[PDB]
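A.B. asks: please find the sequence and an experimentally derived structure below.
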Amino acid sequence: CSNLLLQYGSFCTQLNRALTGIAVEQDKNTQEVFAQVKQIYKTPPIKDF
Amino acid sequence: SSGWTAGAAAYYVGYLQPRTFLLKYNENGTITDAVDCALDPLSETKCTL
Ligand SMILES: *[C@@H]1O[C@H](CO)[C@@H](O)[C@H](O)[C@H]1NC(C)=O
């Protein structure tokens, strides 16, 4: 079956390319939402707000 | 049986095995380079991509 699938080849190369693009896009989405800033601020010990 | 000498010559013997290969053809139709699939992970990635 692998030998027979060999002569298709380009089809699941295309599929893997598409899925990798999707995964990279997911990481991009999370970064662009949450990594708006880069200075990791932290709260002061005193909560005198 | 003994009155003889052998000149300097050499040969090597390697056994074929069922494998997958990637081959590149130049513009004149001849092969220039190839990749043994399933040798090392780098070659495996060349093979998949
Ligand atoms: C292909 O054939 C032509 C004929 O002269 C030659 O000039 C050229 O160098 C060859 N190309 C390669 C990559 O060997």
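C.D. replies: Right, received. Where do you want to start? Residues are numbered from 1 along each chain as shown, chains lettered A, B, ... in the order given.

A.B. asks: ok, residues contacting stretch B:28-41?
C.D. replies: Residues outside stretch B:28-41 that contact it (CB atoms under 8 Å, 6 or more residues apart in numbering or on different chains): B:19, B:20, B:21, B:22, B:23, B:24, B:25, B:26, B:43, B:44, B:46, B:47. No exception for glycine: its C-beta is placed from N, CA and C like everyone else's.

A.B. asks: please name the bridge partners of the third one.
C.D. replies: Taking DSSP bridges as the rule, residue B:21 bridges to residue B:36.

A.B. asks: coming back round to it: in helices only, show me the contacts of stretch B:28-41.
C.D. replies: Under the assignment DSSP state H, the contacts of stretch B:28-41 contribute B:43, B:44, B:46, B:47 to helices.

A.B. asks: quick check, nearest of those residues to residue A:47?
C.D. replies: Residue A:47 has its nearest neighbour among the ones in helices among the contacts of stretch B:28-41 in residue B:44, at 54.9 Å by CB to CB.

A.B. asks: one step back: out of the contacts of stretch B:28-41, who's nearest chain A?
C.D. replies: Of all these, residue B:20 has the smallest distance to chain A: 7.4 Å, by CB to the nearest CB.

A.B. asks: the closest residue to the closest one other than its chain neighbours: neighbouring residues, count only.
C.D. replies: Distance criterion CB to CB, 6 or more residues apart in numbering or on different chains; nearest residue to residue B:20, sequence neighbours excluded, is residue B:37 at 4.0 Å. Using other CB atoms under 10 Å in any protein chain shown as the criterion, residue B:37 is surrounded by 14 other residues.

A.B. asks: next one: residue B:37 from chain A, what distance?
C.D. replies: 10 Å (CB to the nearest CB, to the nearest Å).

A.B. asks: interface residues of chain A facing chain B?
C.D. replies: Proximity of chain A to chain B is assessed by CB under 8 Å from any CB of the partner chain, with A:6, A:13, A:16 identified as the residues in range.
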